[PDB]
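Form solved without its partner chain, single chain, as structure tokens, below.
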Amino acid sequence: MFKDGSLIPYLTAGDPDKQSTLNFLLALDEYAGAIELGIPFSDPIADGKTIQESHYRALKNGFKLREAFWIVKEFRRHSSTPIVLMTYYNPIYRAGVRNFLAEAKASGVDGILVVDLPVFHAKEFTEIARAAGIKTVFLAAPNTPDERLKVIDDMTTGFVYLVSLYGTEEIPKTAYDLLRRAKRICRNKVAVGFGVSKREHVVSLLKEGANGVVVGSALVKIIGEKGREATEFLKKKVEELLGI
């Protein structure tokens, strides 16, 4: 879904508020090959501590599911950068999958990543996304075996998202292994979310085959520190990571 060598910013919708998220996206768009917008959830047990806390902030501040579409829609008035909505299944499942994706497509979403999509629903789900014109993005962690990476790749229409809960401040060997195994199996492009925080991480991961590199923790951490005034620091952080 994105150019090779892309830096993909990740932000939690509504952290600290929807208008700020929009401000952050617009300020970072010029450096993004694509964007992951996360829907805050009460139990983000698959995320790192930094991102989990941003989910809590957004929910405390009063975030509401559809405020995510407002953010995407408004962003779309100024940009066409690919957008991937990241979310836990619960919210989607409870609101009605079919209506959610149609609405997602309507507001401008290009792809969707369901962090904990139940295998039992995978097939039907991908079929529903395709009919809605929404590309699928599947997640794989270091404990994901080759056999599954292949099954994941064949279902993927957007891009395979490789992650590492290990955190760092260096990218763990287990994370490099996942990337190395995935590039040997996936036909789809792969994006990596290994908790980058230093310019050499970006240079290193792209060099090892990552089609794209997500930057979430580093940006969210700044948002938890600066709140609504995080904007400028977000831009500096991204420039540091791009060597510019």
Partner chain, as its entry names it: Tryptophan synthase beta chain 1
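Numbering follows the first chain given and starts at 1.
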| property | result |
| --- | --- |
| Deposited residues omitted from coordinates between residue 168 and residue 169, as a class | 4 to 9 |
| Entry-level comparison of average CA B-factors, 96-104 and 78-86, reporting the higher stretch | 96-104 |
| Mean temperature factor over C-alpha atoms, higher-scoring stretch between 215-223 and 60-68 | 60-68 |
| Highest-ranked of 124, 153, 146, 110 once sorted by CA temperature factor in the record | 124 |
| Residue 174 CA temperature factor, ranked by third within the chain | middle |
| Entry-reported Cα temperature factor of residue 134, expressed as the chain third it lands in | middle |
| Assigned third (lowest, middle, highest) for the C-alpha B factor of residue 117 | highest |
| Chain-relative CA temperature factor third for residue 163 | middle |
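Keep in mind that the form deposited with its partner chain bound is missing from the display, and what follows is about it.
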| item | value |
| --- | --- |
| Sole residue of 90, 79, 157, 174 within 4.5 Å of its partner chain in the deposited bound form, by heavy atom | 90 |
| In the deposited bound form, segment of 65-73, 23-31, 182-190, 208-216 with a heavy atom within 4.5 Å of its partner chain | 65-73 |
| Exercise: residue 52 in contact with its partner chain in the deposited bound form, heavy atom 4.5 Å | yes |
| Touches its partner chain in the deposited bound form: residue 170 (any heavy atom, 4.5 Å) | no |
| Residue contact check: residue 42 to its partner chain in the deposited bound form, 4.5 Å heavy atom | yes |
| Exercise: residue 140 in contact with its partner chain in the deposited bound form, heavy atom 4.5 Å | yes |
